[PDB]
Amino acid sequence: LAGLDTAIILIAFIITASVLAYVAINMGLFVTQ
Amino acid sequence: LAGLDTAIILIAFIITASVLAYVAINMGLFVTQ
Amino acid sequence: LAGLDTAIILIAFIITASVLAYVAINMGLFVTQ
Amino acid sequence: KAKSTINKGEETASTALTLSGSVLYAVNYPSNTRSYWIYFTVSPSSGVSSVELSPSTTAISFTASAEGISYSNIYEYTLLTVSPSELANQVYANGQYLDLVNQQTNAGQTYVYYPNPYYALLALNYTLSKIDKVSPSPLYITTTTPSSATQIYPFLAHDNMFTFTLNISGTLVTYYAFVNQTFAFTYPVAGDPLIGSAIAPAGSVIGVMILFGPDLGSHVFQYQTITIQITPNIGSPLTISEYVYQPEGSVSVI
Amino acid sequence: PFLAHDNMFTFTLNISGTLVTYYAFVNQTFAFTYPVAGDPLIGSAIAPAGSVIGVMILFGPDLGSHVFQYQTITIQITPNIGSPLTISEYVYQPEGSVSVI
Amino acid sequence: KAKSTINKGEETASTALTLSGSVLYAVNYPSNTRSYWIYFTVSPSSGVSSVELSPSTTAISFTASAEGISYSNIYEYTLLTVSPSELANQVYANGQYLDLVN
Amino acid sequence: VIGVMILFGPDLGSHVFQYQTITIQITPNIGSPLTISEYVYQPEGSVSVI
Amino acid sequence: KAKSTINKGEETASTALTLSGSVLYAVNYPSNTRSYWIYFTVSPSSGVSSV
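Residues numbered from 1 in each chain as written, not as in the entry; some residues may be left out. Chains lettered and ligands numbered in written order. Part of a larger assembly, values for the part shown. Heavy atoms only, no water.

Q: When you look at the overall build of chain H in this model, what are you seeing that I'm missing?
A: Looking only at helices and strands, one finds one helix and two strands in chain H. When the helices and strands of chain H are listed from N to C terminus, the series reads α-β-β. For the C-alpha atoms alone, the extent of chain H along its principal axes is close to 60 × 20 × 10 Å. Looking at chain H as a whole, 41% of its 51 residues qualify as buried. Counted over contacts in chain H with a minimum sequence separation of 6, partners at least 24 positions apart contribute 39%. As displayed, chain H offers around 2700 Å² of accessible surface, 58% of which is attributable to carbon and sulfur atoms. (Helix = DSSP H or I, 4+ residues; strand = E, 2+ residues; numbered from the N terminus. Buried < 20%, exposed > 50% of the residue type's maximum accessible area, 1.4 Å probe, protein only. Contact = heavy atoms within 4.5 Å. Areas by Shrake-Rupley, 256 points an atom, 1.4 Å probe, with all protein chains shown as cover.)

Okay, structure coming up:
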């Protein structure tokens, strides 16, 4: 069984995406403003 | 499992481009007027 | 053994990645049209 | 245990706060020496979810690199928590009590908004005096002449004063405001059926006003860059960045 | 008595060949919207595409005592869904008592 | 959750408004000191979507650069909600009624 | 393809959902359950699309 | 007994529904006061199993 391991990698991926997500909104709003 | 994470990385980015599109056309309708 | 567990989980993870493709193409069509 | 943590990680990516309206800026126009206030409205991006704006779990950071200032968490009070019932009566301009708060009703839910930053300011003057007991009053808006205010209260001279005149019952009434520390507050402007909750719903419009104190109000921004960062507890920060050098009248536009 | 602090503007109409005048009284600056072109769904308070919707800003006592002269007047509409409409005009001087500005 | 959210993100980028018609300004002409009213029209950006202008949600703002006076959500009422059956019943200035809503 | 049709009654049909999250969840006896959760803003068309 | 468990464990990991087709909410349009019904279609996830 490996799903017990997939959870750790998965949650970490979501954090990297979230951080990248709003940094785009932060800089995206900046350049437009 | 590339499904669960990339599904969120998707919506984490779809919302990002949505805000950028929101503020981009916001500048557009302002200057033309 | 873990061979049956790995076999069972393999069936589960495919379905989630499959249904993600189901919705990914649908919204890709609707938005593009 | 994994499920809840992945579920919670999903909710984080759906905050999506943005900027609406404009970024006004008003100073003493003839002698551009003092800075009074900054007011800009801030709304959620689209119909994604409700965002949190509580002053206990949010940071608003003001900084200007060209002069070496950097403030953090100047976010102190809000007017979202106060109910319009208690605020309805106790304000007397002349003859009759003027009503600051407005309200509507539709689809079984009532709405609350404020028509002016001035009416929102006066509503803020009363609520700090009576609703939430605090020993230091960061703002004190009075109708007495500023010279008289210095006589009745000594320590009202260090703060920075700026006036806003009105017209009630046909007589021109003036007002004076004194701020002793740079702080910021919020008040609902549109589509906020959640009074008292301090959670901006989807598509709503919220106001954000920053009142300059004495330490910072003595400086005017010329050829400098401004950075205002509204950092909620979860999700996307918002970094208002602008470059201005002159006021262009009594108030600016950007 | 309390209708003395409000603002006033007069408009007349000719009904059944007779001249009738009307006088206004407004105590607060506000604005309202009414249908003006091709709005089938009335009552739902929705503006479909193709339908023009009129907007009328009424002055009041707090502001009507002044007159906008050589200044940038800025009105802005912000719907709940979509990007706001920010109007920014600059006026020299009104003419005819109804000016296009 | 992703699908429903993508559907709304598309709806946000589609709707917009334009200034159809001109903008009018009413002020006492001979002695230009009294403001009367400001009127104009508005319509969706184009044939893309139906926007809702219920005053409970949308908010018309206002500000003046010279006099420094600023406002927020001067939009209070509308006439879209009423039905033409209710208006045309009773109103007149003479012995005969008149119809307002065509 | 099967079709599900929820018929509101007098207790719930007297309301209208607005700026809310609506959740439906079908649960068979074997296999995962389906979890539908949409956020309705404003009903339009007399047949809302969401 | 261990055989029936795996035969049933596989079906649990294989059967799953999915929402195909939009969801329809019907209310009185001129005056949004009532609520009529909600309709939507469901189908198995893929060509994997019946529910």
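Q: What is the right way to look at the pairing of strand β3 (residues 30-37) of chain E in this model?
A: Each regular strand shows side chains that alternate between the opposite faces of the sheet. As paired elements, β3(E) and strand β5 (residues 52-58) of chain E share seven bridges and run antiparallel to each other. Note on β5(E): the bridge partner recorded for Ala31(E) is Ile57(E). Of the pairings in the sheet, the one linking β3(E) to strand β6 (residues 75-78) of chain F comprises three bridges and is parallel in character. Looking at β6(F), one finds that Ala31(E) is bridged to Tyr75(F). (Pairing = 2+ DSSP bridges.)

Q: In this structure, what is going on with the interface of chain D and chain E? I would like to understand it.
A: Frequently, the measure chosen for interface size is the accessible area that the parts lose on association. At the junction of the two partners, chain D supplies eight residues and chain E supplies eight residues. Interface area for chain D against chain E, summed over the two sides, is near 650 Å², with a carbon-plus-sulfur share of 48%. Taken together, the connections running from chain D to chain E amount to zero salt bridges. For the interface between chain D and chain E, the tally reads one residue pair in polar contact. In terms of residue class, the side of chain D that touches chain E is built from one nonpolar, seven polar and no charged. (Buried area = accessible area lost by both parts, 1.4 Å probe. Salt bridge = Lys/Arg side-chain N within 4 Å of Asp/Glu carboxyl O. Polar contact = N/O pair within 3.5 Å; in protein donor to acceptor, adjacent residues only side chain to side chain. Nonpolar A, V, L, I, M, F, W, Y, C, P; charged D, E, K, R; others polar.)

Q: Whenever I open this one, the nonpolar core confuses me. Can you help?
A: In a soluble, globular protein the nonpolar side chains are often hidden away together inside. Judged by nonpolar contacts, the single largest core of 45 residues is most densely connected at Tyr114(D) and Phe164(D). If you list the elements that add at least two residues to this core, you get β1 (17-27), β2 (35-44), α3 (117-131), β9 (166-168), β11 (176-179), β12 (183-190) and β14 (205-211) of chain D. At nine residues, α3(D) tops the list of elements feeding residues into this core. For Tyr114(D), the residues in contact, after removing those within four places along its chain, are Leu79(D), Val82(D), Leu87(D), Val101(D), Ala120(D), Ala123(D), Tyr187(D), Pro188(D) and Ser72(F). (Core = buried A, V, L, I, M, F, W, Y, C linked by side-chain atoms within 4.5 Å.)

Q: Sorry, what's going on with the interface of chain E and chain F here?
A: Tallying the contact residues gives 66 residues for chain E and 64 residues for chain F. Summed over both partners, the interface of chain E with chain F comes to about 6100 Å²; 64% of that surface belongs to carbon and sulfur atoms. In this assembly, chain E and chain F are joined by zero salt bridges. The interface formed by chain E and chain F includes 30 residue pairs in polar contact. Mapped by element, the contributors of at least two residues to the side of chain E that touches chain F are β2 (18-23), β3, β4 (46-47), β5, α1 (61-64), β6 (71-78), β7 (85-91) and β8 (98-100) of chain E. Tallied by class, the residues present in the side of chain E that touches chain F amount to 38 nonpolar, 25 polar and three charged. Direction of pairing for β8(E) relative to strand β2 (residues 24-27) of chain F: antiparallel, over a ladder of three bridges. Residue pairing for β2(F): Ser99(E) is matched across the bridge by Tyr25(F).

Q: Help me out: how do you make sense of helix α1 (residues 2-12) of chain D in this one?
A: Within an α-helix, residues lying three or four positions from one another point in the same direction, as the helix has 3.6 residues per turn. For α1(D), the full list of buried residues reads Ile6(D), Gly9(D) and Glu10(D). Looking straight down α1(D), one finds its buried side chains confined to an arc of 105°; they lie on one side. In this structure, α1(D) carries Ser4(D) and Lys8(D) as exposed residues pointing more than 90 degrees from its buried face. On the buried face of α1(D), the contacting elements are α1 (3-32) of chain A together with α1 (2-32) of chain B. (Arc of directions from axis to C-beta.)

Q: Is there a simple way to explain the pattern of salt bridges in this structure?
A: Side chains that carry opposite charge are capable of pairing whenever their charged atoms lie near each other. Scanning the entire structure with this criterion turns up two salt bridges over all chains. Between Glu10(D) and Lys1(F) there is a salt bridge whose closest N-O contact spans 2.6 Å. With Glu10(D) in helix α1 and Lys1(F) in the segment before α1 (2-14), this pair bridges two chains. Residue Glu11(H) is joined to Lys8(H) by a salt bridge in which the shortest nitrogen-to-oxygen separation is 2.8 Å. Placement of the pair is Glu11(H) and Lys8(H) together in helix α1 (residues 2-14), with a separation of three residues, close to one helical turn.

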